[PDB]
Amino acid sequence: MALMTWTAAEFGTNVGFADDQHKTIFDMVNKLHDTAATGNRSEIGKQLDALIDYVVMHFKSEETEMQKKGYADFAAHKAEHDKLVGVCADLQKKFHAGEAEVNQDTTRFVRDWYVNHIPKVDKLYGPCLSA
Ligand SMILES: [Fe+2]
Ligand SMILES: [Fe+2]
């Protein structure tokens, strides 16, 4: 089974770009999750790096919109993003040094992060960003 399934009831923000970017993240995580059950380390690394670049771009997209519109909780929301980016960059540094592996606990971690963040953090920006 795919690790991540997006539905509007669970995850819809009422902000079209953000929903689309979330769908992409779920698809990219699902590919990583599959590859993480193998020993194909170069393929894991390609998909890890692609995912993380995209995630940083998604967070930038949300942050630019939040900030330009004066969204109430922008700085606290960005703090959540920045802590995940730090975790991901650390994981890349270790993985690309040969010091850590990417496995399905890695991908379940990121799944956990998104399935909590989108409903509890991203949905809150819907009224502001959709207005
Ligand atoms: Fe998001
Ligand atoms: Fe967010």
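Counting from 1, the numbers follow the sequence of the chain as shown. Basis for what follows: all heavy atoms, side chains included, without hydrogens, waters or symmetry-related copies. Whatever order the structure lists ligands and atoms in, that order sets their numbers, starting from 1.
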Counting only heavy atoms not in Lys31, do more than 12 sit closer than 6.0 Å to its NZ atom? no

Does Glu10 CD have over 12 foreign heavy atoms under 6.0 Å away? yes

Shared hydrophobic cluster for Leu84 and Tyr125 (ILVMFWY, side-chain gaps under 4.5 Å): no

Kindly give the atom name of the N, O or S atom of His77 closest to the Fe ion (ligand 2). NE2

Do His117 and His22 have ring centres separated by under 6.0 Å? no

Taking C-beta and beyond as the side chain, do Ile25 and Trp6 meet within less than 4.5 Å on heavy atoms? no

Cation over ring face, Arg41 and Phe95, 6.0 Å, 45°: yes

The Fe ion (ligand 1): which protein N, O or S atoms are under 2.8 Å away? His22 NE2, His58 NE2, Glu62 OE2, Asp122 OD2

